[PDB]
Amino acid sequence: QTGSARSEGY
Amino acid sequence: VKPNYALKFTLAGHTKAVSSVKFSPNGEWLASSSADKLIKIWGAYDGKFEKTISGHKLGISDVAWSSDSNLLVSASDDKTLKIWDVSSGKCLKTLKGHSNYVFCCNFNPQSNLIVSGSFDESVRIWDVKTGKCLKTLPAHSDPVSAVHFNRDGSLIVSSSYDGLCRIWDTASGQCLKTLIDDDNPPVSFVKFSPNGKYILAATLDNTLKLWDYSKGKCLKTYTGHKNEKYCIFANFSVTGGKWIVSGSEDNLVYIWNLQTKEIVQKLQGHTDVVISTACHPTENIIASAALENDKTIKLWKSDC
């Protein structure tokens, strides 16, 4: 939903 | 002695969370990646916007420079990596092979190889010239959060939500070592130290640790920040005092004395989690980047 795996978090 | 990093520039342009920032080895540029599917290039000293590099179909989680500062590699939710010629903006190769999101990436020091880690629980090693996959390592049992080559490129270190750091022989693909301390939290970042002796590892229990690789022992721990959710990068700062630098989930940049483990500075200014930091190769400059509520990159400079 934020657009990248890293910015989404664990 | 403590540094005095002070805010010099704020860099706006990404339209979603920033995911990674990296200084070029030649010190001229900063590259940033974002959930907005874009890479941006900025002047390292003045923060001046240079160009946007586009092509990924989904958001980008990581970007990394080749050692001659001419190429970038990016890792995307579109399950590909892309190799870019920075000067022309061209996508030279699209690296296809991972079966889930690509999370992390790096060139080897020679810059003939790329290593990648993915939500598919594997580590892949790719030939830069052909864009072809050379090796797939069944590395972990959960997403791979970081991958890094050592000083001569003979080893790869990987980290995973599975709680392990693993060291791999680049040439043979064998697992040479598995590192884990007394608890098993997800490992959210790893990298070799500039001299290659140590591995710096972050875990999602608010802790950074410095490991002696050869001995398989934890030597130092750095605490005081907040990190329980995000895969936040950490750095060795070497241009002035010898520091460890990391973002935090309290929106600050933390700087510790590497040897003594004391906090020497906290940088305030961001309005969301600081996901990524980078240290300039010759000047006392730190770049920091933040998530969706902030969307900016900040450049800080110190006299020490």
# chains A, B, ... in the order shown; residues from 1 in each chain; ligands from 1

call {"tool": "residues_around", "arguments": {"residues": "range 3-9 of chain A", "least_positions_apart": "5", "cutoff": "7 Å", "atoms": "only C-alpha atoms", "output": "VMD selection string"}}
result
chain B and resid 17 19 35 to 36 59 to 61 77 103 229 to 231 291

call {"tool": "write_last_selection", "arguments": {"atoms": "C-alpha atoms", "output": "CSV table (one decimal), in the first residue's frame"}}
result
chain,number,residue,atom,x,y,z
B,17,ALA,CA,8.2,7.0,0.6
B,19,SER,CA,13.4,3.7,0.3
B,35,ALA,CA,8.1,3.5,-3.7
B,36,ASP,CA,7.2,5.9,-6.5
B,59,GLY,CA,8.1,0.5,-6.3
B,60,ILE,CA,11.8,0.2,-5.7
B,61,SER,CA,13.3,-1.0,-2.4
B,77,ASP,CA,8.5,-5.2,-6.2
B,103,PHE,CA,14.4,-6.3,-1.7
B,229,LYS,CA,9.4,-2.8,12.0
B,230,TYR,CA,11.5,-1.5,9.1
B,231,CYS,CA,14.6,-2.6,7.3
B,291,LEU,CA,9.0,7.3,4.6

call {"tool": "select_by_dssp", "arguments": {"residues": "chain A", "states": "alpha helix (DSSP H)", "output": "ChimeraX atom specification"}}
result
/A:5-8

call {"tool": "write_last_selection", "arguments": {"atoms": "N, CA and C atoms", "output": "PDB file, in the first residue's frame"}}
result
ATOM      1  N   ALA A   5       8.256  -2.923  -0.924  1.00  0.00           N
ATOM      2  CA  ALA A   5       8.398  -3.825   0.209  1.00  0.00           C
ATOM      3  C   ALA A   5       9.132  -3.159   1.378  1.00  0.00           C
ATOM      4  N   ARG A   6      10.208  -2.431   1.101  1.00  0.00           N
ATOM      5  CA  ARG A   6      10.939  -1.810   2.199  1.00  0.00           C
ATOM      6  C   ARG A   6      10.135  -0.722   2.916  1.00  0.00           C
ATOM      7  N   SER A   7       9.385   0.088   2.177  1.00  0.00           N
ATOM      8  CA  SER A   7       8.628   1.154   2.839  1.00  0.00           C
ATOM      9  C   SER A   7       7.378   0.628   3.542  1.00  0.00           C
ATOM     10  N   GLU A   8       6.990  -0.611   3.241  1.00  0.00           N
ATOM     11  CA  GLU A   8       5.831  -1.225   3.897  1.00  0.00           C
ATOM     12  C   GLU A   8       6.176  -1.737   5.292  1.00  0.00           C
TER      13      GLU A   8
END

call {"tool": "select_by_dssp", "arguments": {"residues": "range 63-247 of chain B", "states": "strand (DSSP E)", "output": "MDAnalysis selection string"}}
result
chainID B and resid 63:65 71:76 80:85 91:96 102:107 113:118 123:127 133:137 144:149 155:160 165:169 175:179 187:192 198:203 207:212 217:222 234:237 243:247

call {"tool": "residues_around", "arguments": {"residues": "range 39-55 of chain B", "least_positions_apart": "2", "cutoff": "8 Å", "atoms": "only C-alpha atoms", "output": "list in words"}}
result
residues 9, 10, 11, 14, 23, 27, 28, 29, 30, 31, 32, 33, 34, 37, 57, 63, 89, 91, 280 and 299 of chain B

call {"tool": "write_last_selection", "arguments": {"atoms": "C-alpha atoms", "output": "compact mmCIF listing (two decimals), in the first residue's frame"}}
result
# COMPACT_ATOMS: atom_id res chain seq x y z
CA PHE B 9 19.77 20.88 2.42
CA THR B 10 16.37 19.24 2.14
CA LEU B 11 15.66 17.40 -1.12
CA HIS B 14 9.82 11.82 -4.65
CA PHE B 23 26.47 8.30 -2.48
CA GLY B 27 31.58 11.57 -4.28
CA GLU B 28 29.81 13.56 -6.99
CA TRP B 29 26.26 12.22 -6.68
CA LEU B 30 23.53 10.92 -4.43
CA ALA B 31 21.11 8.34 -5.84
CA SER B 32 17.72 7.78 -4.23
CA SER B 33 15.08 5.13 -4.82
CA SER B 34 11.40 5.30 -3.94
CA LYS B 37 9.00 3.58 -8.96
CA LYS B 57 6.73 -1.16 -13.07
CA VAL B 63 19.52 1.07 -5.39
CA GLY B 89 19.67 7.04 -18.22
CA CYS B 91 18.26 0.53 -18.73
CA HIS B 280 29.86 10.63 1.82
CA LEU B 299 21.88 16.43 3.74

call {"tool": "residues_around", "arguments": {"residues": "range 248-251 of chain B", "least_positions_apart": "3", "cutoff": "6 Å", "atoms": "only C-alpha atoms", "output": "list in words"}}
result
residues 225, 226, 227, 270, 272, 273 and 274 of chain B

call {"tool": "residues_around", "arguments": {"residues": "residue 224 in chain B", "least_positions_apart": "5", "cutoff": "12 Å", "atoms": "only C-alpha atoms", "output": "PyMOL selection string"}}
result
chain B and resi 205-208+246-250+252-256+261-266

call {"tool": "residues_around", "arguments": {"residues": "residue 92 in chain B", "least_positions_apart": "3", "cutoff": "9 Å", "atoms": "only C-alpha atoms", "output": "PDB file with N, CA and C atoms, in the first residue's frame"}}
result
ATOM      1  N   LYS B  82      17.129  -3.865 -12.256  1.00  0.00           N
ATOM      2  CA  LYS B  82      17.531  -3.194 -13.486  1.00  0.00           C
ATOM      3  C   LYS B  82      18.923  -2.614 -13.325  1.00  0.00           C
ATOM      4  N   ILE B  83      19.745  -2.766 -14.365  1.00  0.00           N
ATOM      5  CA  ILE B  83      21.063  -2.141 -14.411  1.00  0.00           C
ATOM      6  C   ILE B  83      20.948  -0.913 -15.294  1.00  0.00           C
ATOM      7  N   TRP B  84      21.379   0.233 -14.767  1.00  0.00           N
ATOM      8  CA  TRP B  84      21.240   1.507 -15.462  1.00  0.00           C
ATOM      9  C   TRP B  84      22.581   2.135 -15.793  1.00  0.00           C
ATOM     10  N   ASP B  85      22.688   2.717 -16.979  1.00  0.00           N
ATOM     11  CA  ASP B  85      23.811   3.599 -17.259  1.00  0.00           C
ATOM     12  C   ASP B  85      23.407   4.984 -16.799  1.00  0.00           C
ATOM     13  N   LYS B 129      27.496  -7.920 -17.370  1.00  0.00           N
ATOM     14  CA  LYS B 129      27.564  -7.701 -18.819  1.00  0.00           C
ATOM     15  C   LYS B 129      26.421  -8.343 -19.595  1.00  0.00           C
ATOM     16  N   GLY B 131      23.673  -9.794 -18.032  1.00  0.00           N
ATOM     17  CA  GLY B 131      22.420  -9.642 -17.313  1.00  0.00           C
ATOM     18  C   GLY B 131      21.814 -10.993 -16.974  1.00  0.00           C
TER      19      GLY B 131
END

call {"tool": "residues_around", "arguments": {"residues": "residue 303 in chain B", "least_positions_apart": "4", "cutoff": "8 Å", "atoms": "only C-alpha atoms", "output": "NGL selection string"}}
result
:B and (3-5 or 284)

call {"tool": "closest_residue", "arguments": {"among": "B:170, B:304, B:102, B:97", "to": "residue 78 in chain B", "atoms": "only C-alpha atoms"}}
result
B:102
